[PDB]
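This document opens with one chain alone, in structure tokens, the form deposited in one PDB entry.
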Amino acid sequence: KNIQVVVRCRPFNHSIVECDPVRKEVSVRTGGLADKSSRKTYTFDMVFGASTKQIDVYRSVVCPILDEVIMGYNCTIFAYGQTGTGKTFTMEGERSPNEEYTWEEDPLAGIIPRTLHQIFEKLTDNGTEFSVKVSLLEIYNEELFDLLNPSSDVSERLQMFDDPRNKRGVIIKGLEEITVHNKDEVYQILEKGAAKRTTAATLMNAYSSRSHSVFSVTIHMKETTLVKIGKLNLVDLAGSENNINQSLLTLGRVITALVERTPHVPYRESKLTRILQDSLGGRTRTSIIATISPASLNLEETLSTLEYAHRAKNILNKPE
């Protein structure tokens, strides 16, 4: 199964970006001043334009993937793109101003909170007893951080090792798995993460745009007609305008090596590609959401992102 690549465009806070969902097409005014007429076009698996509310993203991109998680496959969603184009928005979201909605209902919620709420809804009183545990593992300067561990300072780095059993596997020493016992335990658990993020931003320069975040949901399920185990990793990558950059560089070379069928794929050259090894060229169903800004001020980065997302279409995975 080829990696699916979705493009989403944010609204202005004179677009050079035109989206055609039905044609699955993105169009860019490249010539600006002299050449009003030239455009670049790329085709992707799906295309969402600037009026795409969150529920459109959740219904089309996530629900299908999460259903597959509920079967007991692995799945990953990456958000890729230039800083300020909506990666954190898409994977996490925001709160409607002035305490208008509860977190379960807020139309501005994104993938992570929308998922943890519906994991419980999809699986309650339908036979299956199940456990939900989450991890927030984050990479900065090729150093590993736990951002939901409650008895640790964020600044305590983790260690990573080869898993002897697996060969793509890594073991992270002391990565905390927090259990989510019910739907109304989520937001509380997300708030503890929110606060260490703030501490992390205080400890590390440009932490929010220079760090990679892997938010992982593990579901053990019991339905004797049978035990399934599905894992969904929610990856907020660092802005694609970037040791400080090593994971972002190596994600690049892995994707290249994979599609040009190059011999030695360098998963081991960076912690991000070691953790997410099975997501690039493995037994994981992987989706990439490329995010882009509609303003001519960002022409070169928008084009950089589209070229990157498009060359990633050709990676074959084998969800097993």
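Rigid core (definition): largest C-alpha set, two forms, superposition within 1.5 Å. Numbering starts at 1 and follows the sequence shown.
Checked against the other entries of this protein, residue 243 counts as unresolved in at least one third of those spanning it. The records show that residue 34 is omitted from the coordinate set of at least a third of the other eligible entries of this protein. Unmodelled stretch separating residue 225 from residue 226: 4 to 9 residues (count of deposited-sequence residues without coordinates).
Going from residue 13 to residue 14, the model skips 4 to 9 deposited residues, which lack coordinates. The mean Cα B-factor in the deposited entry runs higher for 152-160 than for the other of 77-85 and 152-160. When the two stretches 251-259 and 28-36 are set side by side, the higher mean Cα temperature factor goes to 28-36. When the Cα B-factors of 137, 112, 71, 201 are read from the PDB record, 71 comes out highest.
You'll see in the entry that, of 132, 189, 91, 147, the Cα B factor peaks at 132. Annotation for residue 9: C-alpha temperature factor in the lowest third relative to the rest of the modelled chain, per the entry. Residue 219: CA B factor lies in the middle third for its chain, per the PDB record. For residue 315, the recorded CA B-factor ranks within the highest third of the chain. Only modelled residues enter the ranking.
Among the modelled residues of its chain, residue 240 has a C-alpha B-factor that falls in the lowest third, as given in the PDB entry. Sort the chain's modelled residues by C-alpha temperature factor and residue 305 lands in the lowest third, per the entry.
What comes next is about the form deposited in another entry, which does not appear here.
Shift analysis on the rigid core between this form and the one not shown singles out 109 from 219, 109, 139, 235 (C-alpha displacement of 2 Å or more). Remark: with the core as the superposition reference, the CA shift of residue 45 between this form and the one not shown stays below 2 Å.
Annotation for residue 68: C-alpha shift under 2 angstroms between this form and the one not shown, rigid core superposed. Superposition of the core reveals a Cα shift of less than 2 Å for residue 287 between this form and the one not shown. Between the C-alpha atoms of residue 109 and residue 234, a gap narrowed by no less than 3 Å is obtained in that other deposited form, as opposed to the form on display.
Between residue 24 and residue 110, the C-alpha separation grows by 3 Å or more in that other deposited form, relative to the conformation displayed.
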